[PDB]
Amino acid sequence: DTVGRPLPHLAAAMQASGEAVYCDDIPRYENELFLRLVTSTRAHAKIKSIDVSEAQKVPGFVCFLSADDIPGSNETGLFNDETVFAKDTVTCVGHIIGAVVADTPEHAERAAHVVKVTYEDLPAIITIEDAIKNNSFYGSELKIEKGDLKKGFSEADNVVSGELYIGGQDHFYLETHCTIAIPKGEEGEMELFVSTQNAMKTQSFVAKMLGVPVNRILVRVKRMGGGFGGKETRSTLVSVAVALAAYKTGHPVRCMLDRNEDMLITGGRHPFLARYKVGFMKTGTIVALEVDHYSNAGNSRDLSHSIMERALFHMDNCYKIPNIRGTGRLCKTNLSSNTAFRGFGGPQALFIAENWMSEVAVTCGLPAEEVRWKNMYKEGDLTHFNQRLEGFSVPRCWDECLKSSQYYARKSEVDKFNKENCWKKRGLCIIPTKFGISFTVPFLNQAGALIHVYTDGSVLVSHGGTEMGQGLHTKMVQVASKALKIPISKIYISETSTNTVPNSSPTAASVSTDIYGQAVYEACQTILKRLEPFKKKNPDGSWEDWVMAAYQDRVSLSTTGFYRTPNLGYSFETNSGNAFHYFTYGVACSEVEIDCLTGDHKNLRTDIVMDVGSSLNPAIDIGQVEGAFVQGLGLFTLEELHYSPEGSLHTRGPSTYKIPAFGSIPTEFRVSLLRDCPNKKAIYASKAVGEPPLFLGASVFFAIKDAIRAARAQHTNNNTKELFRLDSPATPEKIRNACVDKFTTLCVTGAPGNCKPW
C-alpha cells in the first residue's frame, strides 16, 4: 500500500533519459508524409482565390487540401459552428484554410509559405469593447442572483464602482499539438496517435469529417508533454486535418505544430472585462455586490459558455455576500477561439473578487487580512448559488498560513522598509481561495476502466484518463495496488485508447483522479470477488497461485468498472441543486519588492497552505500546487499576449512571450498540505488539486499593488484611501506608469506639476 507515499512519477526516469516516447518521437513509416496548415493572415475577409502553383514546385510536394477534398462533413467544433477548412470567408488570423502535404516537414513548410491567398476585407470586431458595442455575443446572458440587491445597497455606508480587465494566456505546454494518422486501407479504418486530453472527441470529429462510423476510428494517447486545458478540444484542428491527409493519400501522415503556429491557431485563456459595484459597511462587511462579466470568446463557441458558468460560480471567492448579482456575456470576435485553460473561468472571476475586496479594505482604512477574514464564510454556509460548505477548511488554512509565514512580523518589516526606502517598495498579501470540484456539465462526471489480470498475475489497467504530466497513471497504479493488495510492480498502465474505454470525458476539471480512481477501484473489487473462492481454498498462498487457480477453473480475470458522480444538477432558473461535489481550499501569502524606477519586481517569499484531503501522493500533489501557483504568477504578472490593431498576434514565441523562468520564482517558496482533513466525497479521502491552486498566484499581484500604493504615498499624493485601477497582467509597463513621480511627470522638467507631490 503506497497510498499516502511520495512515489516518483512512474515515467520520470525515462523522461530523464529521453526514452519516454511522445507522439513525434514515434518512428515514421517508410512512406509517412507530413502536413502543414495554411492559415488566414486576416481577421475577417472573403477568400477570393487560392493559388498553389508555386508550392507545386517545391520538391516533394504531394498535394494541397481544402474544403473540397473532404468526403463527409466540413462542419466541426464542440457546437458545430466551425469549419475543418474555411470555404468562402475567414473569421480570424489563424483560421485554417487548407493544408499542404509533403514528403518532409521541411518541404511542407516551404510549400505552405508560398501558397497565395487573395482576400477582400470585412469589418472586424477584436476587443471586448468592440463586441459590447456591436452587440456581437454568443447566446444570451448567464446570471446568478441571490437576496435583495437594493436594500443591501440602501443599507450600505459605502458604495464603490469600477472596471477591470484581465488578459488572456497561452498554454505553452512544452510539447505542441501533434497527430499521426495511419489509414488501414479496409472499411474506413484509421488509427491515430495524438497529443490530446480528449480521445473521444478526436475519434468523433475524425469520424464525422470522414463520413464513417465512430467504430472505424481508433485514437491512442500514451502521454502529452503538457495540456493544461489546451488539448481538451483544439487538438482536433490538427487531428482532423491529418486524418484527411491520410484518407486522401493512402499514406500515414503526421503533423507537429511549430510554436508560432501553435500560439496563433489553437486558442488560449479567455480575457475578461468586468464592470463591478460593491456596497459595504464602515467595518468592511459587504452588504451588496453586482458584477457584469464579459469574456472574449473568439470565432467559435468552443467551451466559452461553460467557462462563464464556472466564472459566475466563483465571483464570491470565500466571502459571504447576502445580496449579490453576477452576470456574464460571451463576446463573439474575430480572434482564434479561446478554450479551456487550467482554472476554466475561476481564476478570472476570483481575480475580480479580490480586486474589489482590496478596494473595500482601502476605502475603510482597515488592515486587509481583517476585512477578508471578517467577510469569510463559516462552516455550513450556503454560497450565492445555494450550495452548502461542509468541511470548509479555509480558516484552518488562513490560521496556519498566517502563523507559518510569520505574516504579522513581516508586515512591520515591510512598513519599516517603505519608511526607509524611496525608489524601492515592498508589498505583502495573504489571499484565500476555494474552487468547486466537478465538471459544470453534469453528464461529464462519468468514468470507465478496464482491468485484465494475466496468468502470471501481472495486471494491465486501462482507464479513460490521459497522462499530461500530472501523475494520474502513477495515482491509478497506487490505487489498484491498494485495492487489489498487490505490489505496484505487478501493475502496468500503457496508454489510453478508445477501444479499451469508449465515450470518455476529457481529462479535465481536476476530477480525473477522483472519477477514474473510483472506476479503477470498482474493477479491482469485482476481480477480488471472483478470486475469493480460491483465496478461501488457499489462504496462505500467493496472488499468482490464486490467479492461476481462477484461470484453470475458467473464472474470468477481465472486468470493466464505471463511476457516476452522484447528486449533481445545479439549475440556473430556480438557482438550486448542487453544482459541485465538494470544494478544494487554500491560502497563499506572498511578499514582493518592486523597483519604482523600472517596473521590475522580485518575488521574495511565498507560503501556501492547501487543503487536498488525504493525499494519494503528497509529492505529486505538492508538485501540482507548485506548478499551478507558478502558471498563476505567470498569468497575473509576466505573460502578456499582444495583437496588432487589425487582429494579428505579435507574441508568437518565447522571445516575445514570457512564461516564468527558473529565476522568476519566490526566493523562499513553501507549500504545505493541511494535516488531518480527510474528504469523504472522493477516492481514499483525497481531493482534486490541479486547477485549484492556480488562483493563489494572484497573491503576488496584490502584493505588487500594495507595493505600488506605498510608492504612490511617497511620491504621487497624500490620500491613503485612493483607488487606482491595476489590470492583469501587472507587467513592468503597468507597474512603472502607476508609480507616478517626477519622471512620469516630467516634473523634472520642470515641470510644472504634477500630481506629482513635491
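Note that residue numbering follows the sequence shown and begins at 1.
When the mean C-alpha temperature factors of 223-231 and 489-497 are read from the deposited coordinates, 489-497 comes out higher. Note on 68-76 vs 240-248: mean CA B-factor is higher in 68-76. Note on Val100, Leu402, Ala449, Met209: the highest value goes to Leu402, judged by CA B factor as recorded. Based on the entry's C-alpha B-factors, the most elevated value among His107, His171, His270, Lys374 belongs to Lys374.
Compared with the other modelled residues of the chain, the Cα B-factor recorded for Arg28 ranks in the lowest third. In the deposited entry, the Cα temperature factor of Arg254 sits in the bottom third of values across the chain's modelled residues. Per the PDB record, residue ranking by Cα B-factor puts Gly613 in the highest third of the chain. Annotation for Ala55: C-alpha temperature factor in the highest third relative to the rest of the modelled chain, per the entry. Residue-level temperature factors show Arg564 in the middle third of its chain, judged at the C-alpha atom.
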